[PDB]
Structure formats: C-alpha cells, structure tokens
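As structure tokens, the structure follows; a few thoughts come after it.
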Number of protein chains: 2
Amino acid sequence: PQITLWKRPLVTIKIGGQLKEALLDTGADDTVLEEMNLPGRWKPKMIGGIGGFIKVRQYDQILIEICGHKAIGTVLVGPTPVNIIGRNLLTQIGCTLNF
Amino acid sequence: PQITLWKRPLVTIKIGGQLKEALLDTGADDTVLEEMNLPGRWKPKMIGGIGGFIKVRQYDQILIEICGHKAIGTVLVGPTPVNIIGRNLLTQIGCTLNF
Ligand SMILES: CCOP(=O)(COc1ccc(C[C@H](NC(=O)O[C@H]2CO[C@H]3OCC[C@H]32)[C@H](O)CN(C[C@@H](C)CC)S(=O)(=O)c2ccc([C@H](C)O)cc2)cc1)OCC
C-alpha cells in the first residue's frame, strides 16, 4: 500500500503469534519492541536514541509479519516508548520513501 | 524520487540560509535540528525518545527546503545527535511510504 504521513504510520504486526501495533520508522536502523515474551535464546545489547541508551534483549532471525508482509530478522526488546519497525525489516518488506 | 532504505535516508536540507544533512524520519512527529542560532522568538520544550528526554528550543514558521521541495513549519533546535526531518515537514513535500 501507499501510506501518507499526516498521521503516525502505525500498522498491525504479528510476532510470536501475537498481534501488536508498531510504527514504521525510517529513522531507526533497527527494530525495537516494548517489553514482551519471545521464545528462544537472546543476547544483551545496548542501543542509543535521542535521549540516551537503553538495555535491550536481542532476538535474531525472528519471524514477523508487518501489514501482511513477512520478515525474518533481528528484533530488539526493551523499554522503548513505542514499538518501532526499523530499516532492517522495512527493507525486507520492500518499503521505500517516495515524494 | 524514490529512496530505498538499505542505508540511512540522508538528504541535503536548506534552512536559515545554511545547507545541512538531515534524516527523513517517518517515526518523528516533528522536526529536530542540530544546535543553530536561528533568529526570532522561541519557547522551551521537552522531547522524548529512546533514552529519555532532551531540552530543545521550538521555533515556529521556519522555512526548510528538502531536496528542492520547500516546507514551512515548526522546528525544534537542541542537542540532537542527528538532524531529523519529521512528519510535520515530510507531509508538505508529499512524502509517502510504499510497499
Ligand atoms: C552518533 C550519535 O548517534 P546516536 O546513536 C542516536 O542517533 C539517533 C537518535 C534518534 C533517531 C530518530 C529515532 N530513531 C531511533 O531511536 O532509532 C533507534 C532504534 O534503531 C536505531 O537506529 C537509530 C537509533 C536507534 C526515531 O526515528 C524518531 N524518534 C521517535 C520514536 C522513538 C517513536 C517515539 S525520536 O528521535 O526519539 C523523536 C521524538 C519526538 C520528535 C518530535 C518532538 O515529534 C522527533 C524525533 C535516529 C538516530 O547517540 C546515542 C545517544
């Protein structure tokens, strides 16, 4: 689809069998979701934002369906203010900016 | 044009008579620019993201040219790590997400 930006580009995602709402975020290199339970191994990681760094749990090769488009990639889980879908997955679903 | 997301979507902007590099950021409601001494009145503001909040100065009705497309709106000036072009300006240049 074509998504305008007059409102936040929020979409429904399916991850670990659960539906959530997430923001399509071209300013984010990586994908960061709010605290949740995901199966499998994970490694601690640090990521920095506008206000500083947070500790996240890094889950690799995680299946995630974004607005009906499948992706399999890295998902960071931690105290982000909102679920954000970053470029690592936006590229997988073929998302581009156009003007 | 069309901008893929393999790399950060960095473009040249023109503001206050200066050229700068900025990030087209669909995850940002508003626009946040590096420290610059713009003329005119302003009001203090707090903006938050990953890692907490930072103090910024809010200037209104600022003209920015983004890839030759002009836009006029609010700009937040402060110690941001990157120049962030938010939806308030992206909408004015007709920017959309597409997949
Ligand atoms: C060399 C130093 O750089 P640095 O590492 C940080 O650099 C960066 C800092 C910020 C960004 C943009 C930010 N992306 C981001 O957080 O991405 C994280 C996850 O993926 C990684 O990729 C890049 C960083 C990591 C997002 O797109 C937009 N945000 C809102 C989003 C969280 C939804 C609520 S916002 O910025 O907070 C914001 C809030 C309010 C407004 C106005 C008021 O409406 C405007 C902007 C990109 C690079 O320093 C470490 C301290």
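All residue names refer to the structure tokens as shown: chains lettered A, B, ... in order, residues numbered from 1 in each chain, ligands numbered from 1 in order.
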Output chain A, superimposed onto chain B using in-order Cα pairs, as a PDB file with N, CA and C atoms, in the first residue's frame:
ATOM      1  N   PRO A   1      11.515  12.168  -5.787  1.00  0.00           N
ATOM      2  CA  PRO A   1      12.280  10.946  -6.068  1.00  0.00           C
ATOM      3  C   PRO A   1      11.807   9.756  -5.250  1.00  0.00           C
ATOM      4  N   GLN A   2      12.289   8.566  -5.594  1.00  0.00           N
ATOM      5  CA  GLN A   2      12.076   7.360  -4.806  1.00  0.00           C
ATOM      6  C   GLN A   2      13.366   7.026  -4.070  1.00  0.00           C
ATOM      7  N   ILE A   3      13.277   6.879  -2.750  1.00  0.00           N
ATOM      8  CA  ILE A   3      14.443   6.694  -1.898  1.00  0.00           C
ATOM      9  C   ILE A   3      14.353   5.313  -1.264  1.00  0.00           C
ATOM     10  N   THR A   4      15.335   4.464  -1.557  1.00  0.00           N
ATOM     11  CA  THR A   4      15.405   3.157  -0.929  1.00  0.00           C
ATOM     12  C   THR A   4      16.026   3.283   0.461  1.00  0.00           C
ATOM     13  N   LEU A   5      15.992   2.191   1.213  1.00  0.00           N
ATOM     14  CA  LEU A   5      16.359   2.241   2.627  1.00  0.00           C
ATOM     15  C   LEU A   5      17.563   1.362   2.954  1.00  0.00           C
ATOM     16  N   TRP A   6      18.315   0.932   1.940  1.00  0.00           N
ATOM     17  CA  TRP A   6      19.532   0.172   2.194  1.00  0.00           C
ATOM     18  C   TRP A   6      20.582   1.027   2.883  1.00  0.00           C
ATOM     19  N   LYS A   7      20.556   2.335   2.646  1.00  0.00           N
ATOM     20  CA  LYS A   7      21.356   3.295   3.382  1.00  0.00           C
ATOM     21  C   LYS A   7      20.420   4.240   4.129  1.00  0.00           C
ATOM     22  N   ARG A   8      20.969   4.949   5.103  1.00  0.00           N
ATOM     23  CA  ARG A   8      20.185   5.953   5.817  1.00  0.00           C
ATOM     24  C   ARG A   8      19.623   6.959   4.820  1.00  0.00           C
ATOM     25  N   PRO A   9      18.335   7.297   4.900  1.00  0.00           N
ATOM     26  CA  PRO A   9      17.766   8.286   3.945  1.00  0.00           C
ATOM     27  C   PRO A   9      18.167   9.713   4.293  1.00  0.00           C
ATOM     28  N   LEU A  10      19.449  10.016   4.068  1.00  0.00           N
ATOM     29  CA  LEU A  10      19.991  11.342   4.313  1.00  0.00           C
ATOM     30  C   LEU A  10      19.822  12.217   3.081  1.00  0.00           C
ATOM     31  N   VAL A  11      19.382  13.451   3.300  1.00  0.00           N
ATOM     32  CA  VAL A  11      19.223  14.423   2.226  1.00  0.00           C
ATOM     33  C   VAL A  11      19.803  15.755   2.685  1.00  0.00           C
ATOM     34  N   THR A  12      20.035  16.637   1.721  1.00  0.00           N
ATOM     35  CA  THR A  12      20.476  17.989   2.020  1.00  0.00           C
ATOM     36  C   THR A  12      19.265  18.880   2.236  1.00  0.00           C
ATOM     37  N   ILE A  13      19.336  19.701   3.274  1.00  0.00           N
ATOM     38  CA  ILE A  13      18.293  20.673   3.568  1.00  0.00           C
ATOM     39  C   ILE A  13      18.916  22.061   3.585  1.00  0.00           C
ATOM     40  N   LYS A  14      18.090  23.073   3.323  1.00  0.00           N
ATOM     41  CA  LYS A  14      18.486  24.474   3.426  1.00  0.00           C
ATOM     42  C   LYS A  14      17.579  25.148   4.444  1.00  0.00           C
ATOM     43  N   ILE A  15      18.173  25.663   5.516  1.00  0.00           N
ATOM     44  CA  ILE A  15      17.422  26.313   6.584  1.00  0.00           C
ATOM     45  C   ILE A  15      18.214  27.520   7.072  1.00  0.00           C
ATOM     46  N   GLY A  16      17.524  28.646   7.249  1.00  0.00           N
ATOM     47  CA  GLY A  16      18.197  29.866   7.641  1.00  0.00           C
ATOM     48  C   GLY A  16      19.317  30.270   6.717  1.00  0.00           C
ATOM     49  N   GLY A  17      19.266  29.844   5.459  1.00  0.00           N
ATOM     50  CA  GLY A  17      20.299  30.160   4.498  1.00  0.00           C
ATOM     51  C   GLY A  17      21.510  29.263   4.525  1.00  0.00           C
ATOM     52  N   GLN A  18      21.486  28.194   5.311  1.00  0.00           N
ATOM     53  CA  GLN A  18      22.623  27.300   5.464  1.00  0.00           C
ATOM     54  C   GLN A  18      22.235  25.887   5.043  1.00  0.00           C
ATOM     55  N   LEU A  19      23.164  25.195   4.397  1.00  0.00           N
ATOM     56  CA  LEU A  19      22.949  23.814   4.001  1.00  0.00           C
ATOM     57  C   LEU A  19      23.360  22.863   5.119  1.00  0.00           C
ATOM     58  N   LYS A  20      22.548  21.833   5.331  1.00  0.00           N
ATOM     59  CA  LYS A  20      22.850  20.785   6.295  1.00  0.00           C
ATOM     60  C   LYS A  20      22.389  19.448   5.727  1.00  0.00           C
ATOM     61  N   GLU A  21      22.807  18.371   6.378  1.00  0.00           N
ATOM     62  CA  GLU A  21      22.355  17.022   6.070  1.00  0.00           C
ATOM     63  C   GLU A  21      21.392  16.569   7.161  1.00  0.00           C
ATOM     64  N   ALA A  22      20.282  15.965   6.751  1.00  0.00           N
ATOM     65  CA  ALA A  22      19.255  15.544   7.695  1.00  0.00           C
ATOM     66  C   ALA A  22      18.661  14.217   7.256  1.00  0.00           C
ATOM     67  N   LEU A  23      18.103  13.506   8.232  1.00  0.00           N
ATOM     68  CA  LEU A  23      17.553  12.171   8.041  1.00  0.00           C
ATOM     69  C   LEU A  23      16.041  12.262   7.887  1.00  0.00           C
ATOM     70  N   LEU A  24      15.521  11.678   6.814  1.00  0.00           N
ATOM     71  CA  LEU A  24      14.072  11.551   6.653  1.00  0.00           C
ATOM     72  C   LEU A  24      13.584  10.448   7.590  1.00  0.00           C
ATOM     73  N   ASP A  25      12.798  10.817   8.601  1.00  0.00           N
ATOM     74  CA  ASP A  25      12.519   9.948   9.751  1.00  0.00           C
ATOM     75  C   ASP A  25      11.019   9.805   9.967  1.00  0.00           C
ATOM     76  N   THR A  26      10.431   8.743   9.400  1.00  0.00           N
ATOM     77  CA  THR A  26       8.993   8.538   9.532  1.00  0.00           C
ATOM     78  C   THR A  26       8.579   8.177  10.958  1.00  0.00           C
ATOM     79  N   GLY A  27       9.514   7.776  11.798  1.00  0.00           N
ATOM     80  CA  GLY A  27       9.237   7.505  13.194  1.00  0.00           C
ATOM     81  C   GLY A  27       9.219   8.712  14.097  1.00  0.00           C
ATOM     82  N   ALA A  28       9.549   9.886  13.567  1.00  0.00           N
ATOM     83  CA  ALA A  28       9.557  11.114  14.352  1.00  0.00           C
ATOM     84  C   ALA A  28       8.323  11.946  14.021  1.00  0.00           C
ATOM     85  N   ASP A  29       7.561  12.316  15.061  1.00  0.00           N
ATOM     86  CA  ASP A  29       6.412  13.190  14.848  1.00  0.00           C
ATOM     87  C   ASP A  29       6.859  14.565  14.358  1.00  0.00           C
ATOM     88  N   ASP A  30       7.947  15.077  14.928  1.00  0.00           N
ATOM     89  CA  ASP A  30       8.404  16.444  14.737  1.00  0.00           C
ATOM     90  C   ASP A  30       9.835  16.456  14.215  1.00  0.00           C
ATOM     91  N   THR A  31      10.273  17.640  13.802  1.00  0.00           N
ATOM     92  CA  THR A  31      11.592  17.848  13.214  1.00  0.00           C
ATOM     93  C   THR A  31      12.530  18.421  14.269  1.00  0.00           C
ATOM     94  N   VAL A  32      13.686  17.776  14.446  1.00  0.00           N
ATOM     95  CA  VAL A  32      14.651  18.170  15.467  1.00  0.00           C
ATOM     96  C   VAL A  32      16.019  18.296  14.809  1.00  0.00           C
ATOM     97  N   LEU A  33      16.634  19.467  14.934  1.00  0.00           N
ATOM     98  CA  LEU A  33      17.952  19.728  14.377  1.00  0.00           C
ATOM     99  C   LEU A  33      18.962  19.957  15.490  1.00  0.00           C
ATOM    100  N   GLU A  34      20.217  19.647  15.192  1.00  0.00           N
ATOM    101  CA  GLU A  34      21.284  19.877  16.144  1.00  0.00           C
ATOM    102  C   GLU A  34      21.426  21.371  16.421  1.00  0.00           C
ATOM    103  N   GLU A  35      22.149  21.677  17.495  1.00  0.00           N
ATOM    104  CA  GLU A  35      22.319  23.056  17.935  1.00  0.00           C
ATOM    105  C   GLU A  35      22.754  23.939  16.775  1.00  0.00           C
ATOM    106  N   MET A  36      22.055  25.051  16.600  1.00  0.00           N
ATOM    107  CA  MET A  36      22.362  25.994  15.535  1.00  0.00           C
ATOM    108  C   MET A  36      21.744  27.335  15.900  1.00  0.00           C
ATOM    109  N   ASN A  37      22.121  28.359  15.145  1.00  0.00           N
ATOM    110  CA  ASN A  37      21.579  29.699  15.324  1.00  0.00           C
ATOM    111  C   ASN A  37      20.479  29.931  14.294  1.00  0.00           C
ATOM    112  N   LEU A  38      19.286  30.279  14.770  1.00  0.00           N
ATOM    113  CA  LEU A  38      18.170  30.651  13.913  1.00  0.00           C
ATOM    114  C   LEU A  38      17.601  31.984  14.382  1.00  0.00           C
ATOM    115  N   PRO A  39      17.215  32.863  13.464  1.00  0.00           N
ATOM    116  CA  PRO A  39      16.647  34.153  13.869  1.00  0.00           C
ATOM    117  C   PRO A  39      15.176  34.031  14.242  1.00  0.00           C
ATOM    118  N   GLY A  40      14.727  34.992  15.040  1.00  0.00           N
ATOM    119  CA  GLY A  40      13.345  35.056  15.463  1.00  0.00           C
ATOM    120  C   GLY A  40      13.143  34.532  16.874  1.00  0.00           C
ATOM    121  N   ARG A  41      11.907  34.676  17.344  1.00  0.00           N
ATOM    122  CA  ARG A  41      11.564  34.254  18.688  1.00  0.00           C
ATOM    123  C   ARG A  41      11.480  32.731  18.764  1.00  0.00           C
ATOM    124  N   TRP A  42      11.640  32.217  19.982  1.00  0.00           N
ATOM    125  CA  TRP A  42      11.546  30.790  20.236  1.00  0.00           C
ATOM    126  C   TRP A  42      11.047  30.579  21.656  1.00  0.00           C
ATOM    127  N   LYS A  43      10.466  29.401  21.888  1.00  0.00           N
ATOM    128  CA  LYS A  43       9.956  29.031  23.199  1.00  0.00           C
ATOM    129  C   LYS A  43      10.599  27.728  23.657  1.00  0.00           C
ATOM    130  N   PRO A  44      10.886  27.583  24.947  1.00  0.00           N
ATOM    131  CA  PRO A  44      11.443  26.314  25.430  1.00  0.00           C
ATOM    132  C   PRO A  44      10.429  25.198  25.282  1.00  0.00           C
ATOM    133  N   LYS A  45      10.937  23.988  25.086  1.00  0.00           N
ATOM    134  CA  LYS A  45      10.082  22.831  24.886  1.00  0.00           C
ATOM    135  C   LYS A  45      10.829  21.578  25.311  1.00  0.00           C
ATOM    136  N   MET A  46      10.060  20.540  25.624  1.00  0.00           N
ATOM    137  CA  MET A  46      10.587  19.242  26.028  1.00  0.00           C
ATOM    138  C   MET A  46      10.097  18.178  25.061  1.00  0.00           C
ATOM    139  N   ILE A  47      11.014  17.321  24.598  1.00  0.00           N
ATOM    140  CA  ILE A  47      10.665  16.217  23.714  1.00  0.00           C
ATOM    141  C   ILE A  47      11.362  14.958  24.200  1.00  0.00           C
ATOM    142  N   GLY A  48      10.673  13.830  24.096  1.00  0.00           N
ATOM    143  CA  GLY A  48      11.167  12.556  24.601  1.00  0.00           C
ATOM    144  C   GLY A  48      11.509  11.615  23.463  1.00  0.00           C
ATOM    145  N   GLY A  49      12.570  10.834  23.655  1.00  0.00           N
ATOM    146  CA  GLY A  49      12.999   9.870  22.674  1.00  0.00           C
ATOM    147  C   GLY A  49      13.221   8.502  23.286  1.00  0.00           C
ATOM    148  N   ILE A  50      13.952   7.644  22.577  1.00  0.00           N
ATOM    149  CA  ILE A  50      14.137   6.282  23.048  1.00  0.00           C
ATOM    150  C   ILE A  50      14.818   6.263  24.407  1.00  0.00           C
ATOM    151  N   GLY A  51      15.691   7.234  24.669  1.00  0.00           N
ATOM    152  CA  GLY A  51      16.488   7.240  25.875  1.00  0.00           C
ATOM    153  C   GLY A  51      16.092   8.253  26.935  1.00  0.00           C
ATOM    154  N   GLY A  52      15.079   9.064  26.669  1.00  0.00           N
ATOM    155  CA  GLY A  52      14.636  10.063  27.615  1.00  0.00           C
ATOM    156  C   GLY A  52      14.322  11.373  26.922  1.00  0.00           C
ATOM    157  N   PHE A  53      14.263  12.446  27.712  1.00  0.00           N
ATOM    158  CA  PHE A  53      13.859  13.759  27.229  1.00  0.00           C
ATOM    159  C   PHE A  53      15.054  14.687  27.075  1.00  0.00           C
ATOM    160  N   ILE A  54      14.924  15.639  26.154  1.00  0.00           N
ATOM    161  CA  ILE A  54      15.897  16.707  25.993  1.00  0.00           C
ATOM    162  C   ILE A  54      15.143  18.033  25.963  1.00  0.00           C
ATOM    163  N   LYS A  55      15.857  19.102  26.295  1.00  0.00           N
ATOM    164  CA  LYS A  55      15.329  20.455  26.185  1.00  0.00           C
ATOM    165  C   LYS A  55      15.673  20.987  24.804  1.00  0.00           C
ATOM    166  N   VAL A  56      14.670  21.538  24.115  1.00  0.00           N
ATOM    167  CA  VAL A  56      14.865  22.072  22.778  1.00  0.00           C
ATOM    168  C   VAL A  56      14.316  23.486  22.720  1.00  0.00           C
ATOM    169  N   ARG A  57      14.717  24.196  21.672  1.00  0.00           N
ATOM    170  CA  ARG A  57      14.185  25.507  21.331  1.00  0.00           C
ATOM    171  C   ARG A  57      13.212  25.336  20.171  1.00  0.00           C
ATOM    172  N   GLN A  58      11.970  25.770  20.360  1.00  0.00           N
ATOM    173  CA  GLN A  58      10.927  25.596  19.355  1.00  0.00           C
ATOM    174  C   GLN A  58      10.807  26.856  18.504  1.00  0.00           C
ATOM    175  N   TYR A  59      11.029  26.706  17.197  1.00  0.00           N
ATOM    176  CA  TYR A  59      10.882  27.780  16.222  1.00  0.00           C
ATOM    177  C   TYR A  59       9.703  27.456  15.312  1.00  0.00           C
ATOM    178  N   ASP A  60       8.721  28.348  15.268  1.00  0.00           N
ATOM    179  CA  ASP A  60       7.510  28.115  14.493  1.00  0.00           C
ATOM    180  C   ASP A  60       7.590  28.799  13.134  1.00  0.00           C
ATOM    181  N   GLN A  61       6.843  28.245  12.177  1.00  0.00           N
ATOM    182  CA  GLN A  61       6.736  28.792  10.820  1.00  0.00           C
ATOM    183  C   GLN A  61       8.108  29.151  10.252  1.00  0.00           C
ATOM    184  N   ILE A  62       9.008  28.176  10.269  1.00  0.00           N
ATOM    185  CA  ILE A  62      10.362  28.331   9.750  1.00  0.00           C
ATOM    186  C   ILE A  62      10.408  27.767   8.341  1.00  0.00           C
ATOM    187  N   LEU A  63      10.976  28.536   7.411  1.00  0.00           N
ATOM    188  CA  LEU A  63      11.135  28.071   6.038  1.00  0.00           C
ATOM    189  C   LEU A  63      12.292  27.078   5.949  1.00  0.00           C
ATOM    190  N   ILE A  64      12.043  25.941   5.308  1.00  0.00           N
ATOM    191  CA  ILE A  64      13.046  24.883   5.191  1.00  0.00           C
ATOM    192  C   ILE A  64      12.829  24.145   3.880  1.00  0.00           C
ATOM    193  N   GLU A  65      13.893  24.010   3.092  1.00  0.00           N
ATOM    194  CA  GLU A  65      13.836  23.324   1.805  1.00  0.00           C
ATOM    195  C   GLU A  65      14.493  21.957   1.944  1.00  0.00           C
ATOM    196  N   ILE A  66      13.731  20.911   1.661  1.00  0.00           N
ATOM    197  CA  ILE A  66      14.148  19.533   1.895  1.00  0.00           C
ATOM    198  C   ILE A  66      14.256  18.858   0.539  1.00  0.00           C
ATOM    199  N   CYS A  67      15.480  18.564   0.121  1.00  0.00           N
ATOM    200  CA  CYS A  67      15.704  17.885  -1.150  1.00  0.00           C
ATOM    201  C   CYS A  67      14.968  18.599  -2.282  1.00  0.00           C
ATOM    202  N   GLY A  68      15.039  19.927  -2.278  1.00  0.00           N
ATOM    203  CA  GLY A  68      14.429  20.729  -3.314  1.00  0.00           C
ATOM    204  C   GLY A  68      12.953  21.011  -3.146  1.00  0.00           C
ATOM    205  N   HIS A  69      12.363  20.632  -2.020  1.00  0.00           N
ATOM    206  CA  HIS A  69      10.943  20.836  -1.751  1.00  0.00           C
ATOM    207  C   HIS A  69      10.794  21.773  -0.557  1.00  0.00           C
ATOM    208  N   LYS A  70      10.002  22.821  -0.726  1.00  0.00           N
ATOM    209  CA  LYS A  70       9.864  23.839   0.304  1.00  0.00           C
ATOM    210  C   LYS A  70       8.864  23.407   1.369  1.00  0.00           C
ATOM    211  N   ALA A  71       9.179  23.732   2.614  1.00  0.00           N
ATOM    212  CA  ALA A  71       8.267  23.541   3.728  1.00  0.00           C
ATOM    213  C   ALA A  71       8.372  24.757   4.633  1.00  0.00           C
ATOM    214  N   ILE A  72       7.295  25.015   5.373  1.00  0.00           N
ATOM    215  CA  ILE A  72       7.255  26.081   6.369  1.00  0.00           C
ATOM    216  C   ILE A  72       6.535  25.515   7.584  1.00  0.00           C
ATOM    217  N   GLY A  73       7.275  25.262   8.655  1.00  0.00           N
ATOM    218  CA  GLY A  73       6.674  24.628   9.804  1.00  0.00           C
ATOM    219  C   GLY A  73       7.557  24.733  11.024  1.00  0.00           C
ATOM    220  N   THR A  74       7.239  23.905  12.013  1.00  0.00           N
ATOM    221  CA  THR A  74       7.925  23.958  13.297  1.00  0.00           C
ATOM    222  C   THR A  74       9.226  23.171  13.240  1.00  0.00           C
ATOM    223  N   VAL A  75      10.292  23.773  13.757  1.00  0.00           N
ATOM    224  CA  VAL A  75      11.609  23.153  13.813  1.00  0.00           C
ATOM    225  C   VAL A  75      12.102  23.254  15.249  1.00  0.00           C
ATOM    226  N   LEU A  76      12.433  22.108  15.843  1.00  0.00           N
ATOM    227  CA  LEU A  76      12.993  22.052  17.189  1.00  0.00           C
ATOM    228  C   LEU A  76      14.514  21.977  17.094  1.00  0.00           C
ATOM    229  N   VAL A  77      15.197  22.766  17.911  1.00  0.00           N
ATOM    230  CA  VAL A  77      16.657  22.830  17.902  1.00  0.00           C
ATOM    231  C   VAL A  77      17.165  22.410  19.274  1.00  0.00           C
ATOM    232  N   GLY A  78      18.045  21.414  19.300  1.00  0.00           N
ATOM    233  CA  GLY A  78      18.565  20.916  20.547  1.00  0.00           C
ATOM    234  C   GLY A  78      19.549  19.781  20.385  1.00  0.00           C
ATOM    235  N   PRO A  79      19.927  19.168  21.501  1.00  0.00           N
ATOM    236  CA  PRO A  79      20.981  18.130  21.492  1.00  0.00           C
ATOM    237  C   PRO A  79      20.488  16.779  20.978  1.00  0.00           C
ATOM    238  N   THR A  80      19.951  16.777  19.758  1.00  0.00           N
ATOM    239  CA  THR A  80      19.649  15.519  19.100  1.00  0.00           C
ATOM    240  C   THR A  80      20.942  14.910  18.550  1.00  0.00           C
ATOM    241  N   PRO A  81      21.044  13.580  18.511  1.00  0.00           N
ATOM    242  CA  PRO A  81      22.260  12.972  17.938  1.00  0.00           C
ATOM    243  C   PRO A  81      22.446  13.263  16.461  1.00  0.00           C
ATOM    244  N   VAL A  82      21.359  13.469  15.718  1.00  0.00           N
ATOM    245  CA  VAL A  82      21.425  13.736  14.287  1.00  0.00           C
ATOM    246  C   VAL A  82      20.233  14.597  13.900  1.00  0.00           C
ATOM    247  N   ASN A  83      20.399  15.374  12.829  1.00  0.00           N
ATOM    248  CA  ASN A  83      19.291  16.145  12.279  1.00  0.00           C
ATOM    249  C   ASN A  83      18.247  15.187  11.712  1.00  0.00           C
ATOM    250  N   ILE A  84      17.010  15.283  12.189  1.00  0.00           N
ATOM    251  CA  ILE A  84      15.937  14.402  11.734  1.00  0.00           C
ATOM    252  C   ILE A  84      14.787  15.250  11.219  1.00  0.00           C
ATOM    253  N   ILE A  85      14.263  14.875  10.057  1.00  0.00           N
ATOM    254  CA  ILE A  85      13.086  15.507   9.483  1.00  0.00           C
ATOM    255  C   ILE A  85      11.883  14.635   9.828  1.00  0.00           C
ATOM    256  N   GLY A  86      10.945  15.182  10.612  1.00  0.00           N
ATOM    257  CA  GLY A  86       9.801  14.424  11.083  1.00  0.00           C
ATOM    258  C   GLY A  86       8.568  14.608  10.217  1.00  0.00           C
ATOM    259  N   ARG A  87       7.491  13.936  10.629  1.00  0.00           N
ATOM    260  CA  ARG A  87       6.294  13.867   9.804  1.00  0.00           C
ATOM    261  C   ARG A  87       5.663  15.239   9.610  1.00  0.00           C
ATOM    262  N   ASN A  88       5.841  16.151  10.567  1.00  0.00           N
ATOM    263  CA  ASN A  88       5.248  17.476  10.425  1.00  0.00           C
ATOM    264  C   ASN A  88       5.719  18.156   9.141  1.00  0.00           C
ATOM    265  N   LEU A  89       6.947  17.878   8.707  1.00  0.00           N
ATOM    266  CA  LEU A  89       7.457  18.416   7.448  1.00  0.00           C
ATOM    267  C   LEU A  89       7.418  17.409   6.306  1.00  0.00           C
ATOM    268  N   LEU A  90       7.593  16.112   6.590  1.00  0.00           N
ATOM    269  CA  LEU A  90       7.501  15.118   5.527  1.00  0.00           C
ATOM    270  C   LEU A  90       6.144  15.185   4.833  1.00  0.00           C
ATOM    271  N   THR A  91       5.076  15.464   5.593  1.00  0.00           N
ATOM    272  CA  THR A  91       3.763  15.603   4.979  1.00  0.00           C
ATOM    273  C   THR A  91       3.729  16.810   4.046  1.00  0.00           C
ATOM    274  N   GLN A  92       4.439  17.884   4.404  1.00  0.00           N
ATOM    275  CA  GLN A  92       4.394  19.090   3.583  1.00  0.00           C
ATOM    276  C   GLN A  92       5.014  18.854   2.213  1.00  0.00           C
ATOM    277  N   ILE A  93       6.039  18.008   2.130  1.00  0.00           N
ATOM    278  CA  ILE A  93       6.715  17.793   0.860  1.00  0.00           C
ATOM    279  C   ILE A  93       6.090  16.626   0.114  1.00  0.00           C
ATOM    280  N   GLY A  94       5.004  16.074   0.660  1.00  0.00           N
ATOM    281  CA  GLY A  94       4.287  15.014  -0.019  1.00  0.00           C
ATOM    282  C   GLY A  94       4.923  13.648   0.095  1.00  0.00           C
ATOM    283  N   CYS A  95       5.657  13.397   1.168  1.00  0.00           N
ATOM    284  CA  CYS A  95       6.374  12.142   1.329  1.00  0.00           C
ATOM    285  C   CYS A  95       5.443  11.054   1.849  1.00  0.00           C
ATOM    286  N   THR A  96       5.540   9.877   1.242  1.00  0.00           N
ATOM    287  CA  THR A  96       4.779   8.713   1.672  1.00  0.00           C
ATOM    288  C   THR A  96       5.690   7.496   1.752  1.00  0.00           C
ATOM    289  N   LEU A  97       5.225   6.486   2.475  1.00  0.00           N
ATOM    290  CA  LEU A  97       5.843   5.167   2.492  1.00  0.00           C
ATOM    291  C   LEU A  97       5.130   4.279   1.484  1.00  0.00           C
ATOM    292  N   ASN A  98       5.896   3.444   0.794  1.00  0.00           N
ATOM    293  CA  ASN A  98       5.345   2.594  -0.251  1.00  0.00           C
ATOM    294  C   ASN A  98       6.076   1.265  -0.258  1.00  0.00           C
ATOM    295  N   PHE A  99       5.319   0.181  -0.327  1.00  0.00           N
ATOM    296  CA  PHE A  99       5.894  -1.154  -0.468  1.00  0.00           C
ATOM    297  C   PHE A  99       4.883  -2.092  -1.127  1.00  0.00           C
TER     298      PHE A  99
END
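Secondary structure of chain A, alpha helix (DSSP H) only (DSSP, backbone atoms): residues 87, 88, 89 and 90 of chain A.
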Exercise. Any chance you could list, as a count of residues only, the residues in region 43-82 of chain B that come up strand (DSSP E or B) when DSSP is run on the backbone?
Key: 31
